[PDB]
There are 2 protein chains.
Amino acid sequence: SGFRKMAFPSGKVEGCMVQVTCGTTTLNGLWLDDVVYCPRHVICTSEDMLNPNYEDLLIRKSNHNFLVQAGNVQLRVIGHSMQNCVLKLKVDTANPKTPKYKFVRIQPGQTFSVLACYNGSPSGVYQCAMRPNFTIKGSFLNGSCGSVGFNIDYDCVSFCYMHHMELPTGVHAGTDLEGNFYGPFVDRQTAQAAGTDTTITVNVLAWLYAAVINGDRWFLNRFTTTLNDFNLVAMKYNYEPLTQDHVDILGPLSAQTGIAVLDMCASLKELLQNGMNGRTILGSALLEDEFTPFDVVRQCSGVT
Amino acid sequence: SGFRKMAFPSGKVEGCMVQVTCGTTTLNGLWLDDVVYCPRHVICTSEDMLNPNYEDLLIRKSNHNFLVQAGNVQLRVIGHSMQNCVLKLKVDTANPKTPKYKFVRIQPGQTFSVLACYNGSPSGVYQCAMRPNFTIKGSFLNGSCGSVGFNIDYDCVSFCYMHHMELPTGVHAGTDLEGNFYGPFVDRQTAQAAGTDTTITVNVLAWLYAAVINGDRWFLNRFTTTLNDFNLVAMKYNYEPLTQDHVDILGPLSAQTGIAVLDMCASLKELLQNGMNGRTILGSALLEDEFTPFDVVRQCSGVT
Ligand SMILES: CN(C(=O)Cc1cccc(Cl)c1)c1cncc2ccccc12
Ligand SMILES: CN(C(=O)Cc1cccc(Cl)c1)c1cncc2ccccc12
């Protein structure tokens, strides 16, 4: 019993972290096989960040300008290339600690763990969701760029995020491991609109199922609703509209609890219209949307 | 910016996890140097747990009855001894992945990370606090016994908790690494009173300082209070009384923000008396007490 915002064990990722330095800028890199991946803005000075011409900036750099250090040992850089907003530094040594891995582009509303790093050294691990507006509400300070987000399935690490930037609003933006930003962001020091965010409806429903499994049941009511009726409410409260694809992924939780998905939607509808009345659900006084249906089943039934 | 319930990177601990099996019972063990540590109830069957005579049960066991497997490789057990509620299985091989470590008994109100494990395999990591009543509000299923709690300071893992039991109320109890339970608990299947819990006042104040550092400031008011006045309020709301030792550990956060500790106590006093009025602080609608003053400074200013 109990329900926590749980991250994947970070060991497999810790073994991949390196420090990358170019000129006077230092950030984190990810060393997998014989390639180190890092944000391309490692080649910028503060003066360059207003509007960097990354192609021109990178032309001034040679392999020997990228200093890559794995703990205390130095990696020899034998090639460099820019792919979208990431640099890929070919090194002469395959990382002996490379886990089985994949690069994936996650969908908005999915979750992942972040290993925050500074100077190539891991500092902490936390779980978060990719917001519907493609920002993440992380915890990152200067020096965290190049930290990565990931999911783990048995022995395979699926890397989905590399941290690049903190927006003026304090939320975070980054790329997949091919250097493509999530969302409309560009790697330059300008104010950039994130756009309207929404609450991840299917995750709130998943977490209400987690609450019932863990014994918090005060919010279950005698009502039901339809997808159309529930979606009128979701619109009013800035929640994502629920689709049959979301109902389908909630099937396992619906079977575990015996609570039909539309009956749980009626409980969520009443919580949205009445609030929590000073009560709590799984130690929260707000409706939580950072647990997917897969996360809930993994945490409530077991997976290692 | 941002503020998350961050755990230490778990890699150093993942390397220590093993599976321990005795008869038909399997749980987790911690392999440090040439010793594996695990809950002594690995020697019990379900019939024994009502009131086990651990001494008599252990006398029936020999070294060859404890099966210890580190991933896929088997460890040879060459000695066994019970210390309080833990077993210590001497093995013929020092764990090559043993990090620098210490065993510490944490104080109530302190925090630590938990690496939840099943069958010696790490499944997730989360941060939590040792409650003032010596329980932890973890997330653990059957098979999680032997999972450990820890803190990391640079390269040293300080192990503070080993998971033993879930109480009928769904909260958790365990021991230090010398097998001494935190709190009044005994390792037997009986209903056991945890006793009145309280909110960790100094951590709530630390988290209000984290909120101000991150830009959530709506709760700052034009008031101040005294320790005596604040403590009348803390009593009414079941918070721990604040002492000068707590004020002293809040000094760094008070200097960082320029907000005198007693002025922050007046903000906490008003939040306790008026509630949050439908507002949030650091994405929470409740007052958070699982961040110590050390945690806040580590997360807001940096430490790897
Ligand atoms: C280094 N950094 C940047 O945003 C730098 C940057 C500025 C502009 C564009 C890009 Cl692509 C990168 C940061 C990242 N995360 C969190 C930060 C907290 C405080 C200070 C800077 C933080
Ligand atoms: C295995 N276990 C025990 O409490 C066993 C036990 C029972 C009685 C006393 C002791 Cl010392 C141990 C558990 C631990 N954590 C969480 C649990 C969730 C569900 C089912 C059991 C869980």
# chains A, B, ... in the order shown; residues from 1 in each chain; ligands from 1
>>> residues_near_ligand(ligand="ligand 1", cutoff="6 Å", atoms="only C-alpha atoms and all ligand atoms", output="NGL selection string")
(:A and (140-145 or 164-166 or 187-189)) or (:B and (1))
>>> closest_atom_pairs(of="chain A", to="ligand 2", cutoff="12 Å", atoms="only C-alpha atoms and all ligand atoms", output="JSON lines")
{"residue": "A:1", "atom": "CA", "partner": "ligand 2", "partner_atom_place_in_ligand_line": "18 (C)", "distance": 5.4}
{"residue": "A:2", "atom": "CA", "partner": "ligand 2", "partner_atom_place_in_ligand_line": "16 (C)", "distance": 8.6}
{"residue": "A:3", "atom": "CA", "partner": "ligand 2", "partner_atom_place_in_ligand_line": "16 (C)", "distance": 11.5}
{"residue": "A:213", "atom": "CA", "partner": "ligand 2", "partner_atom_place_in_ligand_line": "19 (C)", "distance": 11.9}
{"residue": "A:214", "atom": "CA", "partner": "ligand 2", "partner_atom_place_in_ligand_line": "18 (C)", "distance": 10.5}
{"residue": "A:299", "atom": "CA", "partner": "ligand 2", "partner_atom_place_in_ligand_line": "18 (C)", "distance": 11.5}
{"residue": "A:300", "atom": "CA", "partner": "ligand 2", "partner_atom_place_in_ligand_line": "18 (C)", "distance": 9.7}
{"residue": "A:301", "atom": "CA", "partner": "ligand 2", "partner_atom_place_in_ligand_line": "19 (C)", "distance": 9.9}
{"residue": "A:302", "atom": "CA", "partner": "ligand 2", "partner_atom_place_in_ligand_line": "18 (C)", "distance": 10.7}
>>> write_last_selection(atoms="N, CA, C and O atoms", output="compact mmCIF listing (two decimals), in the first residue's frame")
# COMPACT_ATOMS: atom_id res chain seq x y z
N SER A 1 0.84 -1.19 0.00
CA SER A 1 0.00 0.00 0.00
C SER A 1 0.89 1.25 0.00
O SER A 1 2.11 1.16 0.21
N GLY A 2 0.26 2.39 -0.24
CA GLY A 2 0.95 3.66 -0.36
C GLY A 2 1.12 3.98 -1.83
O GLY A 2 1.16 3.08 -2.69
N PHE A 3 1.30 5.26 -2.12
CA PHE A 3 1.41 5.68 -3.50
C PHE A 3 2.24 6.88 -3.56
O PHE A 3 1.87 7.92 -3.01
N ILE A 213 -7.63 1.75 -5.04
CA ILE A 213 -6.83 0.56 -4.74
C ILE A 213 -6.16 0.70 -3.36
O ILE A 213 -6.09 -0.26 -2.59
N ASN A 214 -5.71 1.92 -3.04
CA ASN A 214 -5.04 2.17 -1.76
C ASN A 214 -6.02 2.51 -0.59
O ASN A 214 -5.56 2.76 0.54
N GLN A 299 3.07 0.47 -10.18
CA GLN A 299 3.26 0.75 -8.76
C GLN A 299 2.32 -0.01 -7.82
O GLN A 299 2.71 -0.32 -6.68
N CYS A 300 1.11 -0.34 -8.26
CA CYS A 300 0.12 -1.00 -7.39
C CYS A 300 0.14 -2.52 -7.43
O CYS A 300 -0.32 -3.15 -6.48
N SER A 301 0.64 -3.09 -8.51
CA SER A 301 0.67 -4.54 -8.66
C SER A 301 2.08 -5.12 -8.74
O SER A 301 2.26 -6.30 -8.43
N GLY A 302 3.05 -4.29 -9.13
CA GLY A 302 4.46 -4.69 -9.18
C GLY A 302 5.04 -4.85 -10.57
O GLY A 302 4.34 -5.35 -11.46
>>> closest_atom_pairs(of="chain A", to="chain B", cutoff="6 Å", atoms="only C-alpha atoms", output="JSON lines")
{"residue": "A:1", "atom": "CA", "partner": "B:170", "partner_atom": "CA", "distance": 5.5}
{"residue": "A:2", "atom": "CA", "partner": "B:139", "partner_atom": "CA", "distance": 4.2}
{"residue": "A:3", "atom": "CA", "partner": "B:139", "partner_atom": "CA", "distance": 5.1}
{"residue": "A:4", "atom": "CA", "partner": "B:139", "partner_atom": "CA", "distance": 5.9}
{"residue": "A:6", "atom": "CA", "partner": "B:126", "partner_atom": "CA", "distance": 5.0}
{"residue": "A:7", "atom": "CA", "partner": "B:125", "partner_atom": "CA", "distance": 5.2}
{"residue": "A:8", "atom": "CA", "partner": "B:124", "partner_atom": "CA", "distance": 4.6}
{"residue": "A:9", "atom": "CA", "partner": "B:124", "partner_atom": "CA", "distance": 5.2}
{"residue": "A:10", "atom": "CA", "partner": "B:10", "partner_atom": "CA", "distance": 5.6}
{"residue": "A:11", "atom": "CA", "partner": "B:11", "partner_atom": "CA", "distance": 3.5}
{"residue": "A:121", "atom": "CA", "partner": "B:304", "partner_atom": "CA", "distance": 5.8}
{"residue": "A:122", "atom": "CA", "partner": "B:304", "partner_atom": "CA", "distance": 5.8}
{"residue": "A:123", "atom": "CA", "partner": "B:304", "partner_atom": "CA", "distance": 4.1}
{"residue": "A:124", "atom": "CA", "partner": "B:8", "partner_atom": "CA", "distance": 4.6}
{"residue": "A:125", "atom": "CA", "partner": "B:7", "partner_atom": "CA", "distance": 5.2}
{"residue": "A:126", "atom": "CA", "partner": "B:6", "partner_atom": "CA", "distance": 5.0}
{"residue": "A:138", "atom": "CA", "partner": "B:2", "partner_atom": "CA", "distance": 5.6}
{"residue": "A:139", "atom": "CA", "partner": "B:2", "partner_atom": "CA", "distance": 4.2}
{"residue": "A:140", "atom": "CA", "partner": "B:1", "partner_atom": "CA", "distance": 5.8}
{"residue": "A:170", "atom": "CA", "partner": "B:1", "partner_atom": "CA", "distance": 5.5}
{"residue": "A:285", "atom": "CA", "partner": "B:285", "partner_atom": "CA", "distance": 5.1}
{"residue": "A:304", "atom": "CA", "partner": "B:123", "partner_atom": "CA", "distance": 4.1}
>>> calpha_fit_and_write(fixed="chain B", moving="chain A", output="compact mmCIF listing (two decimals) with C-alpha atoms, in the first residue's frame")
# COMPACT_ATOMS: atom_id res chain seq x y z
CA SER A 1 13.79 27.00 -10.79
CA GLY A 2 11.16 24.41 -9.89
CA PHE A 3 10.92 22.26 -6.82
CA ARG A 4 10.44 18.55 -6.86
CA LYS A 5 10.31 15.71 -4.34
CA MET A 6 13.77 14.62 -5.40
CA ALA A 7 15.52 11.40 -4.42
CA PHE A 8 19.27 10.73 -4.45
CA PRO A 9 20.51 8.90 -7.57
CA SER A 10 20.10 5.24 -6.64
CA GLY A 11 22.93 3.64 -8.60
CA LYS A 12 25.24 3.11 -5.65
CA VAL A 13 22.44 1.24 -3.82
CA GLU A 14 21.26 -0.76 -6.84
CA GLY A 15 24.68 -2.40 -6.96
CA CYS A 16 24.12 -3.73 -3.40
CA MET A 17 20.73 -5.39 -3.85
CA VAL A 18 20.44 -9.14 -3.73
CA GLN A 19 17.64 -11.65 -3.34
CA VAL A 20 17.65 -13.75 -0.14
CA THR A 21 15.59 -16.94 0.06
CA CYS A 22 15.12 -19.18 3.11
CA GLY A 23 12.82 -22.17 2.68
CA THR A 24 9.89 -20.79 0.73
CA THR A 25 10.23 -17.11 1.80
CA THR A 26 12.08 -14.67 -0.53
CA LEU A 27 12.91 -11.02 0.15
CA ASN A 28 15.63 -8.46 -0.47
CA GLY A 29 19.06 -8.23 1.01
CA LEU A 30 21.78 -5.58 1.10
CA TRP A 31 25.29 -6.88 0.18
CA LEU A 32 28.06 -4.60 1.51
CA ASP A 33 31.61 -5.95 1.61
CA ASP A 34 31.25 -9.69 2.54
CA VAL A 35 27.98 -9.40 4.46
CA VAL A 36 24.36 -9.54 3.28
CA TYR A 37 21.84 -7.80 5.59
CA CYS A 38 18.15 -8.70 5.49
CA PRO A 39 15.04 -8.74 7.69
CA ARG A 40 15.18 -11.69 10.07
CA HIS A 41 11.59 -12.71 9.16
CA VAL A 42 13.02 -14.29 5.97
CA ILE A 43 13.24 -17.44 8.24
CA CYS A 44 9.47 -17.46 8.91
CA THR A 45 6.63 -19.14 7.18
CA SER A 46 3.18 -17.36 7.32
CA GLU A 47 2.22 -19.67 10.24
CA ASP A 48 5.28 -18.38 12.20
CA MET A 49 4.47 -14.67 11.79
CA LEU A 50 1.66 -14.63 14.43
CA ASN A 51 4.31 -14.74 17.19
CA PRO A 52 7.68 -15.97 15.95
CA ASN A 53 10.34 -17.22 18.32
CA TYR A 54 13.13 -16.02 16.03
CA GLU A 55 15.89 -17.63 18.12
CA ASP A 56 14.27 -21.08 17.83
CA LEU A 57 13.44 -20.56 14.18
CA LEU A 58 17.01 -19.56 13.35
CA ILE A 59 18.46 -22.58 15.20
CA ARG A 60 16.76 -24.81 12.59
CA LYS A 61 18.70 -23.03 9.82
CA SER A 62 22.16 -23.64 8.50
CA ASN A 63 24.33 -21.51 6.15
CA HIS A 64 23.23 -23.65 3.14
CA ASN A 65 19.54 -22.86 3.80
CA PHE A 66 20.03 -19.13 2.98
CA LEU A 67 20.09 -18.76 -0.79
CA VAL A 68 21.59 -15.49 -1.87
CA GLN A 69 21.54 -14.47 -5.51
CA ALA A 70 23.07 -11.27 -6.92
CA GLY A 71 21.38 -10.95 -10.29
CA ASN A 72 21.96 -14.41 -11.73
CA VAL A 73 25.03 -15.39 -9.62
CA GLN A 74 24.85 -17.29 -6.39
CA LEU A 75 26.74 -16.25 -3.24
CA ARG A 76 28.22 -18.89 -0.95
CA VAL A 77 27.05 -18.31 2.67
CA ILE A 78 29.76 -19.10 5.20
CA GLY A 79 28.16 -17.69 8.39
CA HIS A 80 24.89 -16.33 9.78
CA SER A 81 23.94 -14.31 12.80
CA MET A 82 20.96 -12.39 14.00
CA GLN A 83 21.46 -8.85 15.34
CA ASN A 84 18.15 -7.41 16.70
CA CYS A 85 15.66 -7.80 13.76
CA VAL A 86 18.20 -8.30 10.99
CA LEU A 87 20.13 -11.29 9.78
CA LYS A 88 23.73 -10.87 8.66
CA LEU A 89 24.83 -13.56 6.22
CA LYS A 90 28.57 -13.70 5.84
CA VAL A 91 29.43 -14.58 2.23
CA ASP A 92 32.78 -15.66 0.75
CA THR A 93 32.87 -12.78 -1.75
CA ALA A 94 33.08 -9.02 -1.05
CA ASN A 95 30.57 -7.14 -3.23
CA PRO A 96 32.76 -5.50 -5.92
CA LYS A 97 30.10 -2.76 -6.25
CA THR A 98 30.19 -1.84 -2.51
CA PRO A 99 30.11 1.98 -2.37
CA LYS A 100 31.66 3.95 0.53
CA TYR A 101 28.98 3.60 3.19
CA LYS A 102 27.93 4.14 6.79
CA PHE A 103 25.01 2.91 8.86
CA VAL A 104 23.14 5.73 10.59
CA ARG A 105 20.03 5.94 12.73
CA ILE A 106 18.07 8.92 11.45
CA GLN A 107 16.03 11.22 13.61
CA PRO A 108 12.26 11.61 13.18
CA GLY A 109 11.54 14.44 10.73
CA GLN A 110 14.66 13.69 8.64
CA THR A 111 14.30 12.59 5.00
CA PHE A 112 15.79 9.81 2.91
CA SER A 113 15.38 8.07 -0.42
CA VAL A 114 13.96 4.56 -0.67
CA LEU A 115 14.96 2.12 -3.37
CA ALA A 116 11.94 -0.18 -3.62
CA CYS A 117 13.02 -3.67 -4.66
CA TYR A 118 11.36 -7.02 -5.44
CA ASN A 119 13.31 -10.31 -5.73
CA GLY A 120 16.55 -8.37 -5.37
CA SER A 121 15.62 -6.20 -8.39
CA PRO A 122 15.22 -2.44 -8.00
CA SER A 123 11.79 -1.21 -9.16
CA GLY A 124 11.65 2.47 -8.19
CA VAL A 125 13.06 5.29 -6.11
CA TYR A 126 11.24 7.88 -4.05
CA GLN A 127 11.93 10.37 -1.30
CA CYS A 128 10.12 10.40 2.04
CA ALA A 129 10.43 11.56 5.64
CA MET A 130 10.70 9.50 8.82
CA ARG A 131 7.43 10.61 10.50
CA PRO A 132 7.64 12.00 14.07
CA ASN A 133 5.83 8.76 15.10
CA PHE A 134 8.60 6.64 13.45
CA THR A 135 6.51 5.29 10.60
CA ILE A 136 7.14 6.02 6.93
CA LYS A 137 4.44 6.63 4.40
CA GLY A 138 6.11 4.52 1.73
CA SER A 139 4.90 2.68 -1.35
CA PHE A 140 5.62 -1.01 -0.85
CA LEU A 141 3.98 -4.27 -1.87
CA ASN A 142 4.54 -7.88 -0.69
CA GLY A 143 8.13 -8.79 -1.64
CA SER A 144 9.50 -5.32 -0.81
CA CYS A 145 10.93 -6.32 2.59
CA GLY A 146 14.65 -5.71 2.79
CA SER A 147 14.38 -2.58 0.53
CA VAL A 148 16.49 0.22 2.05
CA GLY A 149 16.39 3.93 2.75
CA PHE A 150 19.48 6.05 2.44
CA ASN A 151 21.05 9.45 2.00
CA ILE A 152 24.14 10.17 -0.15
CA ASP A 153 26.87 12.74 0.61
CA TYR A 154 29.20 12.93 -2.42
CA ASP A 155 30.48 9.31 -2.61
CA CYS A 156 29.17 8.02 0.76
CA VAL A 157 25.88 6.20 1.17
CA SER A 158 24.46 6.51 4.66
CA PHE A 159 21.95 3.66 5.03
CA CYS A 160 19.29 4.52 7.55
CA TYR A 161 16.32 2.24 6.95
CA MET A 162 15.50 -1.35 6.01
CA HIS A 163 11.85 -2.11 5.28
CA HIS A 164 10.18 -4.77 7.37
CA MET A 165 6.47 -4.32 7.69
CA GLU A 166 3.26 -2.74 6.59
CA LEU A 167 0.92 -1.92 9.45
CA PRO A 168 -2.83 -2.54 9.05
CA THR A 169 -3.24 1.22 8.45
CA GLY A 170 -1.11 1.05 5.29
CA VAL A 171 1.95 2.85 6.67
CA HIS A 172 5.37 1.28 7.01
CA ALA A 173 7.77 0.24 9.73
CA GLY A 174 11.35 -0.85 9.61
CA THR A 175 14.70 -0.80 11.26
CA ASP A 176 18.09 0.87 11.18
CA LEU A 177 20.85 -1.36 9.62
CA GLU A 178 21.64 -2.80 13.10
CA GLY A 179 18.07 -4.23 13.09
CA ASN A 180 16.65 -1.86 15.68
CA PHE A 181 13.05 -0.84 14.77
CA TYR A 182 12.23 2.81 14.50
CA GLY A 183 9.33 3.30 16.88
CA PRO A 184 7.57 0.78 19.11
CA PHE A 185 7.12 -1.89 16.45
CA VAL A 186 7.84 -5.60 16.66
CA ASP A 187 8.25 -7.99 13.76
CA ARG A 188 5.07 -9.99 14.20
CA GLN A 189 1.63 -10.05 12.53
CA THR A 190 -0.30 -8.16 15.16
CA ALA A 191 -2.18 -4.84 15.08
CA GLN A 192 0.31 -2.30 16.55
CA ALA A 193 -0.35 1.31 17.56
CA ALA A 194 1.83 3.84 15.68
CA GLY A 195 0.74 6.67 17.97
CA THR A 196 -0.13 10.25 17.25
CA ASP A 197 1.78 11.75 14.39
CA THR A 198 2.56 15.44 14.02
CA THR A 199 3.49 17.73 11.10
CA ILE A 200 7.21 18.51 10.85
CA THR A 201 7.11 22.23 11.49
CA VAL A 202 10.77 23.04 10.58
CA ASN A 203 10.33 21.26 7.19
CA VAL A 204 7.11 23.16 6.42
CA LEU A 205 9.03 26.41 7.11
CA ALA A 206 11.92 25.17 4.94
CA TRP A 207 9.47 24.46 2.11
CA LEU A 208 7.85 27.93 2.49
CA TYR A 209 11.41 29.35 2.05
CA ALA A 210 11.80 27.08 -1.07
CA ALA A 211 8.49 28.55 -2.34
CA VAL A 212 9.77 32.14 -1.90
CA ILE A 213 13.06 31.26 -3.66
CA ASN A 214 11.04 29.80 -6.57
CA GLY A 215 8.69 32.84 -6.78
CA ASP A 216 5.56 31.63 -4.94
CA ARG A 217 5.14 34.50 -2.51
CA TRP A 218 1.40 35.18 -2.15
CA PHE A 219 1.45 33.86 1.49
CA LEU A 220 4.00 36.39 2.79
CA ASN A 221 2.24 38.82 5.05
CA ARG A 222 2.95 42.00 7.01
CA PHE A 223 3.03 40.12 10.35
CA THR A 224 5.55 38.64 12.74
CA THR A 225 5.09 36.32 15.74
CA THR A 226 7.10 34.99 18.70
CA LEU A 227 8.17 31.35 19.29
CA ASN A 228 5.70 31.21 22.19
CA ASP A 229 2.79 32.54 20.13
CA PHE A 230 3.64 30.39 17.14
CA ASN A 231 3.84 27.33 19.39
CA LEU A 232 0.31 27.91 20.74
CA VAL A 233 -0.81 27.69 17.05
CA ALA A 234 1.45 24.69 16.33
CA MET A 235 -0.18 22.85 19.26
CA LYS A 236 -3.71 23.57 18.02
CA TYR A 237 -2.87 22.31 14.53
CA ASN A 238 -0.81 19.29 15.61
CA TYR A 239 2.52 20.62 14.47
CA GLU A 240 5.80 20.00 16.26
CA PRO A 241 6.73 22.86 18.63
CA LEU A 242 9.48 25.02 17.06
CA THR A 243 12.66 25.38 19.11
CA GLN A 244 15.67 27.67 18.76
CA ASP A 245 17.56 24.65 17.32
CA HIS A 246 15.02 24.64 14.46
CA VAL A 247 15.33 28.45 14.07
CA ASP A 248 19.17 28.01 13.88
CA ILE A 249 19.00 25.36 11.13
CA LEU A 250 16.66 27.70 9.20
CA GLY A 251 19.33 30.47 9.32
CA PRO A 252 20.74 29.83 5.80
CA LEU A 253 17.24 30.04 4.25
CA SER A 254 16.43 33.12 6.28
CA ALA A 255 19.65 34.79 5.00
CA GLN A 256 19.01 33.74 1.37
CA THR A 257 15.55 35.30 1.33
CA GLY A 258 15.97 38.09 3.85
CA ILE A 259 12.86 36.76 5.68
CA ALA A 260 13.37 36.45 9.42
CA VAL A 261 12.40 33.01 10.72
CA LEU A 262 9.70 34.49 13.01
CA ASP A 263 8.23 36.46 10.08
CA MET A 264 8.01 33.16 8.10
CA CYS A 265 6.38 31.61 11.23
CA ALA A 266 3.74 34.39 11.03
CA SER A 267 3.03 33.40 7.40
CA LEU A 268 2.74 29.73 8.47
CA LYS A 269 0.49 30.80 11.39
CA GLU A 270 -1.85 32.58 8.95
CA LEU A 271 -1.90 29.63 6.53
CA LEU A 272 -2.76 27.30 9.44
CA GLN A 273 -5.59 29.59 10.66
CA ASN A 274 -7.02 30.52 7.21
CA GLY A 275 -6.04 27.64 4.92
CA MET A 276 -4.86 28.15 1.34
CA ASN A 277 -8.16 29.70 0.05
CA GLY A 278 -8.08 27.49 -3.05
CA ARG A 279 -4.54 28.53 -3.91
CA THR A 280 -1.32 26.52 -4.30
CA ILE A 281 2.30 26.66 -3.16
CA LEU A 282 4.91 24.84 -5.25
CA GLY A 283 2.16 22.83 -6.96
CA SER A 284 0.70 21.68 -3.64
CA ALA A 285 -2.62 22.60 -2.03
CA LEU A 286 -1.41 21.37 1.43
CA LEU A 287 1.53 22.41 3.59
CA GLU A 288 4.41 20.07 2.71
CA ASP A 289 6.66 18.68 5.44
CA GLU A 290 8.91 16.18 3.58
CA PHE A 291 11.71 18.65 2.76
CA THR A 292 14.28 19.47 5.44
CA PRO A 293 16.14 22.80 5.47
CA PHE A 294 19.21 20.90 4.14
CA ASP A 295 17.10 19.44 1.29
CA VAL A 296 15.84 22.85 0.25
CA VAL A 297 19.32 24.42 0.09
CA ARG A 298 20.69 21.35 -1.74
CA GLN A 299 17.90 21.55 -4.35
CA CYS A 300 17.78 25.38 -4.69
CA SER A 301 21.49 26.21 -4.77
CA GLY A 302 23.08 22.93 -5.94
CA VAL A 303 24.99 19.79 -4.62
CA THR A 304 26.07 16.64 -6.61
